[PDB]
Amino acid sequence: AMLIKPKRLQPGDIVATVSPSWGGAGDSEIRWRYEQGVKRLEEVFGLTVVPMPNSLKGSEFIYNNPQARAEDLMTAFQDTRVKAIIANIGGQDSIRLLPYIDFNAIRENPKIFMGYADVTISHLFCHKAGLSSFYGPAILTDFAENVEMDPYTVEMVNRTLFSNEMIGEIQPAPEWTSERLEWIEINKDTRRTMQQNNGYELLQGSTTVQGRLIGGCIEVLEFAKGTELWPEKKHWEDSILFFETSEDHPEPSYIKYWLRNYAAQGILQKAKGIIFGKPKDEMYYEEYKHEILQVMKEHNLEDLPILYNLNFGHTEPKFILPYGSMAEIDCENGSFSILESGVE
């Protein structure tokens, strides 16, 4: 392993919230939702939440100030009190933070960093600095789930961040949702409709493979390709890639194009296996499988283990993927496991 494993959380610890992308958490009509997420962090996990100075100044300020976003991260990391850093929400332009990041400040201050979607860029900040981060729940989307948090997400947070024991087998969620419910306070007492779940889907493969995890939102990863933010070649060696599609529902052909580029970099030929998150609203659920299998066929990778319909990405509930942690794709059973603890 080439990534520092951060120390586990425990009640009483300080957790900093940041807005590395969209600054919507500071907005007047979305603020209620942020405070609700904070409320769950304090009550369900016994944590203390401290927002970094610029993280709530509104989406207008934060957009025009990518520099202000970066120093929030630096402030959060350089603070020895802060034990974990959780992104409020994704967005789309956190790549503008690139020339303002002190990677050394991350390397010297190892701690839990969590988020997904566009926060993937921030995960590449930690990765390059040599720090293992966590692809998982964000404040506005997961910790602020109306009425009550999903027991599945809560369980997975306890196992990955609050326990130093091996995570192990990851079971599919009993139900799932991606239903659109506007973040206006009039809806805080309304539950979201849950669709029943199917379980994991094995597209191809017939052996049990083991590799370290790397990847994220497949759209967002394109933003960093060709840049200095892109991980070294040694990181892709013997790896389990995880991809997931965003809320914008990318056309099946774009999934094909992007996978073709991973083969052009030689990444797909290095992988031990691949896992895919559940598409939002299960849109293009069948079309995506066609394009994935076509690419593997085009590049003679028809024996590379691929798991489908996992509970991570733009669908709730989620589990947590620690970057660099050893994972396992059991084709014989169609199961997925993380063969170590998320935290030291």
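Just count from 1 along the sequence shown to find any residue number.
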Mean Cα B-factor check, 232 to 240 vs 120 to 128, entry values; winner is 232 to 240
With reference to the PDB entry, specify whether the mean Cα temperature factor is higher for 18 to 26 or for 331 to 339. 331 to 339
Checking the entry, which one of 110, 266, 215, 205 has the top C-alpha B factor? 205
Going by the CA temperature factor in the entry, name the top one among 94, 261, 193, 133. 193
Ranking the modelled residues of this chain by C-alpha B-factor as given in the entry, is residue 115 in the lowest, middle or highest third? lowest
Would you mind checking where the Cα B-factor of residue 82 ranks among the modelled residues of its chain, as the lowest, middle or highest third? middle
Chain thirds of CA B-factor: placement of residue 88: lowest
Ranking every modelled residue in this chain by its Cα temperature factor as given in the entry, which third contains residue 270? middle
Using the B-factor values recorded in the entry, state whether the Cα atom of residue 309 falls in the lowest, middle or highest third among the modelled residues of its chain. lowest
